[PDB]
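Residue numbers (the entry's author numbering), protein chains in the order written: chain D, 7 to 475; chain E, 6 to 475; chain A, 9 to 509; chain B, 3 to 102; chain C, 307 to 407; chain U, 158 to 207; chain O, 7 to 193.
For each residue, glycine too, the CB sits at the ideal point set by N, CA and C.
Here the structure comes first, spelled out in structure tokens, and everything after it is commentary.
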């Protein structure tokens, strides 16, 4: 309805309106504040009594004067979905950033929505292969599954995702969504440029990717509902086309931190550390709107910046509940010059319990974990003393584990330039063979530099001859 | 009592605000009663907020509590019935059974809040007591006017130890005892009740050699806090007016501390260091002080204490540690090795444990024992890494002795017929002091290390060697 | 048409209010409503907001009454009326909730069939007393040798599963369900669990993968999944354990037995945390409420075994606590450790190492005596408890790289063999009757005579062997649950004969 | 708008009725409310910080915080006989102990 | 702050405002809130070590804790040939000097 | 199949939009006066019943 | 006498003032005079609307108080004393707050009640009159609480009417039916 108002207060980015007429909008409606700066879009979050709302402000807050018109949209703002949203970059509202002019659409739908129920959930364990050796060994990915990664600051977290885009988005889905929530200007520009280079966007045509981008610069409120916009483009594909989708995020951390910012002022007395109490529910909804229905199927890959190298903090911790696989990456292990930076004793999957993706495969992955852990237990011992002050049997075991460590280093074929080593792809069937050999001591003689930066077993072998040169 | 009306205004959890009428207002620590079909809800008055407004903390169910519902003032602090028929039955906070032996008959009545006796009354005189357990007897012997403190883990064999203590000493004594459970499990309550009905300490005749006062954990914190106080007042009534020694028991007093932490926050108080209550100190000082040896009776409190997560440098256990005169630690390791009871020798200490007061020989041997074990413990690093084969013949002999004594701390208990499954032993205070000298003087190093394990006196230990040989 | 029947039903409904005191909303949002009015309110009532929402009330003030809304919050607003329902909260309890996923209000979120209510109960129903109780003495089975022999769990008690985030947490629960399926089918009614599993703070997706796993193994005929997923409201999440529990109490009352797994009690403290800071009530230790401990305490004590003059059934509790790093000196893990009589510590390392779900054989205690497991299995594991305790000590000395006594190394070699035997893969049941041989054999140095590698194969062959040749020995262990001079001798004699094949 | 929570109801009926303090409530103070072992008295304006005050419940206190509408005494005696509405005489000799 | 420094496109005149924000970190912490927040906005590192600094070299950069991702096509070919895989070679030296000593 | 199950949902939203179209007809007319009155007389009956 | 507290927002001034006015002998008069002085303070044309919020001292306000009682010397002696309290504590925006809350106290002692009967359009005069008849007739109003039936037109109610007065409401609104109707026909 058109409900005009005036601005009673402007406290921070949590502005308050006083609606002058007895007509009064519900919670999660959108409002437009008119100023000579253009529109400011706000969202109703509390009613404080005697027709006075308190609004989260989802656009900047400078140049605002108390006693100025408000207008009620009549509901949450509408982003644009369709087949004619493909090959586009869309803001928090549906505005071009790619600037190929206004966006043609069929149905434009609101940012917020209710999550599909437990009876509408229908979840498969059908697999997906990548072509990365490490992935295949430790915790497979699946179609219907939600996969998680807990990347570094911004020194190896992106490179990993870019390799993933090239394998998964060209071997599955008819659609793909990239939503980049509070990312940096350099990241967005690299990804758009790259997509059009690799022919994943045809502007004249209809593309297989759509894009949602929103700077890290933008105020706290705006960054949260970048995440919401992207989630809507995925909901149109899952429901209305009814086809399998994909979703990629790099990073979803921006969501949690945004929520913790708006939280303190509103009335919600923060929980310890500084993070919000409403974390589990706010996050929760989003993670049940990213899910696989009996219509389409949203396979998601989500990348989470760990804050100060503590995954104990409330924000990374509550994220792990909504993941049926994780492959946790330590910041340290990135600094060491070891890429991929995934920890091998801190990876887990519900998509490999004890025989789920082939018994032979599970048994090979199990032994690898036991060996690797032995070596970590003896790290203390090796350092404090020597290593020639131990038995010959423990030394074999250590030397084998040290090989498995170095083997895990596999160069990337998207960021191949940067690494300095031309890339590699290793199938699932190859992965099994390569590790089979390594456990049985069929290649416990060749150098421990031969293993670093190579994919498959055969390449270690060849590399020995190059090193020998 | 008399018609006095206040009307409820706000129910904010345990906290209930009432609006008493002018010139007939309450006082701090009074008892308010509100009729409900959930018994009589008693509200402990804990603040006055002015405007004729009292603010109270709850003890009893506050579910479906209708606001405006008239609130009577009894006129004083919760008042129980006390006597000699407190004995042999279970009683909750309000002085009313939860074992349903009907209205307990009153001799005297008192409030459960009372003052502790001032310095003019307070004296330190004590008579050494025998638990029938060797470890306690050598290394931390009990005394009258006990402020004893049984620090240990949960389910480390801690329950088993208290049970035996009641079984030997309570029945034997001409004195009575009062067993009080603060915010503890109904599983434990039914098993403790049942187990001791057979062993006879709870006689089926009205008069008995122990009492039970159970305020339990599924009940509101206000009631738990002042379950400890109920038990303690029963003991004071014995102490003066029927002029006799008793032995109080409370289990765990860590529940008193936990119950006090929850209602500090609700009255509005901001947390102290490690989240505890501010009034931990003043609260302890009033509880501990009532338990002493007057110029009438005596109260020998033996209190079970739980150390959360095996960390006892937390200010709540650690401040309390001084205030408990005969600290004992029953640690988890010792339990795991098979060694029962779980008593650690070094960290078991008492007010009276040195001089001729506990006898010269006891101190002398007890010092020789602590030292023998402390050397072996320093040498554990050395036996592991360095080897104990380039260390002396004397060092080896001290180690063999330490091992012989270590395996001579073990014995079974009579309450352990399904905790061990072998009936108890009674090894009296002189017998133990005599047996441990023998091991040290070198007289019994022809007894194997394993032939001390699970036996009584030296007479028994020598005999268990005969048996092992065939 | 579907519409017509639905329109006809809507049509025959008449509104007409009548209530003890109305009130008009005045603040709302942040998940938590606050209404102006309502001065005659009783504690814990349900008051129906006119939006289509219902919310129970936990704060009553002569100013602003604090009604925590269930579900929606984005159609609730200020200007609206709220009307007291005139009912304190209650849930349908009955044999119609079997094989159905149900939320905290007891309506099916799955639609596998309608709720048959043989009663209604209240979410808060007061825990059992001292008088009703009867001592515990009835075995509970995971089909895992370590759980059963070291930390035995009875019926009418509570023993605590503690560990890291999603480290085999599902597995523990399923292991218990699976080996007790055999007994469910069986002849004794007093050996059959109608297990109830509670899921607080987890996504819809994990539960939906679980149900699938439960339907392949045909243990979903008797299983109940009470759920309050991430998406569904913060009050329903606090509310989920208390209403899962009334349904467990009903089995116990009828003479039937059940076991209620409560996942996560940590996530209930988080829900209650949300409530308390938005009704501005001072928190206790570590930002979690200053009366949280009371919440877990009244609940856990509803697992109870009663006398035959009341129920011949018993409710059993399995609490679950998930650490946010590992820490057990935290107020919410501290609070729970107090309440139970056991710890079943799950180590991070041992999970990878081969014991899955992993039970730590270091720190872990079971306060209960060992008649809470079958009598045979206790004897064979008589010295098992010492053997593990010695293996750790010896082992630690052993790790430096120093060489020591040959006697020390007998204990070192023996322990290794027991741990490997203990390892067992997740999702496999294995009856007690056939756990009796394997632990006697290990203790009796029959499994130390053979090499470390071939221990799993030898175990598998040994049991196959016993079904064919000595099937009498097994029948007795299944039927009577003990061993005597004749049976022990036979077991010792039988093992030696087939000691390595 | 501009108000104190030392505008308490027993005081406020007296100010309205033209009933002025008259040095009973300036000299001398009288308890408004007593909570948490923190008696809050109206009066005591001629007191020295930490000066000794004597209750009509026989309880002694000192006055560590002095504040304009209430003076926050700290109890030395117990809380049991201190209840709201109590006369609080000002002893008018700050805490001193015999020396010799 | 940081996103207000950028390399504009050919259109806006080929804009640049190159930011090298200078961070005072005590303990060479990368497990503390403020360092990791900075690192997450930025790309690469220009790490500087106390130890290397004392031991000759001013200013002394630590190659094993330096990474660049935003310069790895900035350099022209002259400065590439001469510096053939030297970044790699001193990450062949890094392994060597762990167990050399 | 997926189109049919969706078409049954479209049929569902069509009679949902029909509820709105009838509200504008009913509140336009003096049917807005004549059925309110019908409630008003029932309102007497209810309140006398208290 | 206090009649039991009402309000949390500045109703302590109202309780006290009420009891001070029973000992005065008239509450009706007190209330009436305040109502006419409050109304001419608000409806000041200069700095009664560009100044209602505190901005001036305790002392500057006292000289404005001397001018207020010059406009009406009639206010009795206790309700003149109530102005000193407000000036001293320097409250002014809650000047009308206390007077309305007092009003609630007066008009309870009088045995009057106010009923609002929200509608979607102005109702028939007979509709009111029958409702009034019904409530007097019934046990709802016994006399001592004589109602004012106040119709309001609101966009909050479309169709129907909703009766309100006291602690009793009867809702025969249409809106509730439409919401539910919508919900069930999207399945």
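Anyone know if the C-beta pair for residue i and residue j falls short of 8 Å?
i, j, result
"residue 92 of chain D", "residue 215 of chain D", "yes"
"residue 117 of chain D", "residue 298 of chain D", "no"
What do you get for residue i, buried or exposed, if any count of 16 or more other CB atoms within 10 angstroms of its CB means buried?
i, result
"residue 455 of chain E", "exposed"
"residue 261 of chain E", "buried"
"residue 184 of chain E", "buried"
"residue 98 of chain B", "exposed"
"residue 390 of chain E", "exposed"
"residue 331 of chain A", "buried"
Which residue's Cα is closest to the Cα of residue i: the options?
i, options, result
"residue 306 of chain E", "E/111, E/55, E/344 and E/170", "E/170"
"residue 303 of chain A", "A/54, A/289, A/292 and A/280", "A/280"
"residue 313 of chain C", "D/196, D/83 and D/75", "D/196"
"residue 320 of chain D", "D/308, D/279, D/295 and D/290", "D/279"
"residue 10 of chain O", "E/9, E/27, E/8 and E/337", "E/27"
"residue 153 of chain D", "D/159, D/131, D/194 and D/139", "D/131"
"residue 400 of chain E", "E/416, E/180 and E/383", "E/383"
"residue 37 of chain E", "E/395, E/424 and E/60", "E/60"
"residue 347 of chain E", "A/333, A/356, A/95 and A/375", "A/375"
"residue 227 of chain A", "A/355, A/189, A/238 and A/463", "A/189"
"residue 126 of chain E", "E/300, E/397 and E/30", "E/300"
In whole angstroms, give me the CA-to-CA distance for residue i and residue j.
i, j, result
"residue 431 of chain D", "residue 137 of chain D", "5 Å"
"residue 84 of chain O", "residue 94 of chain O", "16 Å"
"residue 329 of chain C", "residue 341 of chain C", "8 Å"
"residue 165 of chain A", "residue 244 of chain A", "26 Å"
"residue 379 of chain A", "residue 485 of chain A", "15 Å"
Listed from N- to C-terminal order along the chain, which residues in the stretch 344 to 366 of chain C have their beta-carbon within a distance smaller than 8 Å of any beta-carbon of chain D? Result list: 345, 346, 347, 348, 349, 350 and 351.
Closer than 7 Å between beta carbons: that is the criterion. Which residues of the stretch 55 to 67 of chain O meet it against chain B? Residues passing the 7 Å Cβ filter: 60.
Using a Cβ cut-off of 7 Å, which residues of the stretch 246 to 274 of chain D contact any Cβ in chain U, in chain order? Interface annotation for the stretch 246 to 274 of chain D against chain U: 248, criterion Cβ-Cβ distance under 7 Å.
The stretch 38 to 58 of chain D: which residues have C-beta closer than 9 Å to a C-beta of chain O, in chain order? Nothing from the stretch 38 to 58 of chain D brings a Cβ to less than 9 Å from some Cβ of chain O.
Taking any Cβ of chain U, which residues in the stretch 283 to 304 of chain D have a Cβ under 8 Å from it, in chain order? Going along the stretch 283 to 304 of chain D in chain order, one finds 301 with a Cβ nearer than 8 Å to chain U.
Chain D contacts from the stretch 157 to 177 of chain O (Cβ-Cβ distance under 8 Å): Interface annotation for the stretch 157 to 177 of chain O against chain D: 160, 161 and 162, criterion Cβ-Cβ distance under 8 Å.
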